[PDB]
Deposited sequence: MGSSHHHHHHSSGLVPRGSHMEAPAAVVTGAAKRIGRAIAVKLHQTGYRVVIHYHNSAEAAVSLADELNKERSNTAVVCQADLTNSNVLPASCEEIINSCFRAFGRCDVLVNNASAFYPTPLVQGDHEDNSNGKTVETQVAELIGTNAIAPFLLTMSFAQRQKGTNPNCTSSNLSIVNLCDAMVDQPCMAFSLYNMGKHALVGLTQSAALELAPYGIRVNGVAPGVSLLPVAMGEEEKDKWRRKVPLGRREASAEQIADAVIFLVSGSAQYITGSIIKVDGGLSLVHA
C-alpha cells in the first residue's frame, strides 16, 4: 500500500511544493490549511486527478490555546481515517511577523508565533508517535538564520529556536520506535507576496550561490531526501538549504 504524509500549511508556497513532491514520490497526502481553503481544495483536486483518492484536506488553527492538543490529534487522526496509516509528518505551517521589544495583544502574538512554530509541532509529534520495512519520519521547517535573526522578530525567532530543540529532543526520544526526526532550514526562499522587487533584491543580493532565493521545490527536495530510504540513519539533523547565506558576515 502507498505510504501517507501530513503536511501543515500546505495550501501555498513551500508547503504546497512539499505536498506535490511527496505525492509525486508515491505518498498519499493530508493537506492541512488554516485560512487558505480555496487553494487547499484546488491542490487536493489536482492531486486526486493525477491519482484518485490520494489527497484530502484538513482545516485547523495552530495557534496555542486550550483546544490545540485536540486539533493536533484530529489532524493526525484524519490521516489514519483517510489512508489507514501515517508515515510522515511535515511541520511547515508558521506565523511570521515582527514583535518589537520597545491591534493584536502581545499574548495573542505569543499564542500565534510560539503555537505555530513550536507548540503545534510538539503536539503533532506526540499524536504522531502515540498512533504508532517501515520508514517513519518527521521533518520540521526550521530557519537557517536562527542565530542571525531579523531585527525585532524576537517571538518568531524564539519559536524557531524551540523547534530546533524539539527536533533534537524528539529525535532522541523516538529513535527506539524507529521514527526519525530532522529539519530543513531555508535561508531566503519565496519572498512575501507584494514585497516590492527592490526589497526582494536586497535579500537576493546577499545569497552567495546565484544571488537568488531558493525555489519552493528546492526546499521540498531536501524534505524528500530526509523522508527517503537514503536517509535511514539520519536523525536529529537540520539541513540548511540557504545558498551560503548563513555564512555571510554583516
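Mind pulling out the bits of the deposited sequence that never got modelled, as residue ranges from 1? Gaps in the modelled chain, taken against the deposited sequence, lie at 1 to 21, 124 to 132, 163 to 170.
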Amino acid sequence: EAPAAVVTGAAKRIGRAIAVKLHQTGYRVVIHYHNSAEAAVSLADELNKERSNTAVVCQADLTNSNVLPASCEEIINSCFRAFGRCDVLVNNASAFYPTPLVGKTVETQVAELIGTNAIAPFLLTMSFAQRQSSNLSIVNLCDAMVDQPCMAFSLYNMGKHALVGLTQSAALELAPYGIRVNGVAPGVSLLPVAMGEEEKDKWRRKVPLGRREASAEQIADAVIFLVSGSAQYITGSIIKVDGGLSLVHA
From here on, numbers count along this sequence of modelled residues.
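For the two forms, the rigid core is made up of the largest set of C-alpha atoms that agree within 1.5 Å on superposition.
37 to 45 against 213 to 221 - segment lying farther from this form in 9 other deposited structures of this protein (CA RMS, rigid core fit): When 213 to 221 and 37 to 45 are compared in 9 other deposited structures of this protein, 213 to 221 lies farther out.
Counting only other entries that model residues on either side of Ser133, is it left out in at least a third? That residue is missing from at least a third of the other compared entries.
Among the other entries of this protein that were compared (only those with both neighbours built), does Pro98 lack coordinates in at least a third? Across the compared entries, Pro98 is modelled every time.
Is the mean CA B factor in the deposited entry higher across 143 to 151 or across 112 to 120? For C-alpha atoms only, the mean B-factor is higher in 143 to 151.
Quick check on the record: does 198 to 206 or 31 to 39 carry the larger mean Cα temperature factor? Stretch with the greater average CA B-factor: 198 to 206.
Out of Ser94, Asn157, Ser169, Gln132, which one has a C-alpha B factor higher than all the others in the entry? If I rank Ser94, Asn157, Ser169, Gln132 by C-alpha B-factor, first place goes to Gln132.
Sort the modelled residues of this chain by their C-alpha B factor and say whether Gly165 lands in the lowest, middle or highest third. Lowest third, going by the recorded CA B-factors of the chain.
Test of reading the entry: by CA B factor among the chain's modelled residues, which third contains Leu89? Lowest third - that is where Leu89 ends up once the chain's C-alpha B-factors are sorted.
Test of reading the entry: by CA B factor among the chain's modelled residues, which third contains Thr25? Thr25: CA B-factor falls in the highest third of its chain.
Is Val67 in the lowest, middle or highest third of its chain when residues are ranked by C-alpha B-factor? Highest third, going by the recorded CA B-factors of the chain.
Which third, lowest, middle or highest, does the CA B-factor of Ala250 fall in along this chain? Ranked within chain, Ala250 CA B lands in the highest tercile.
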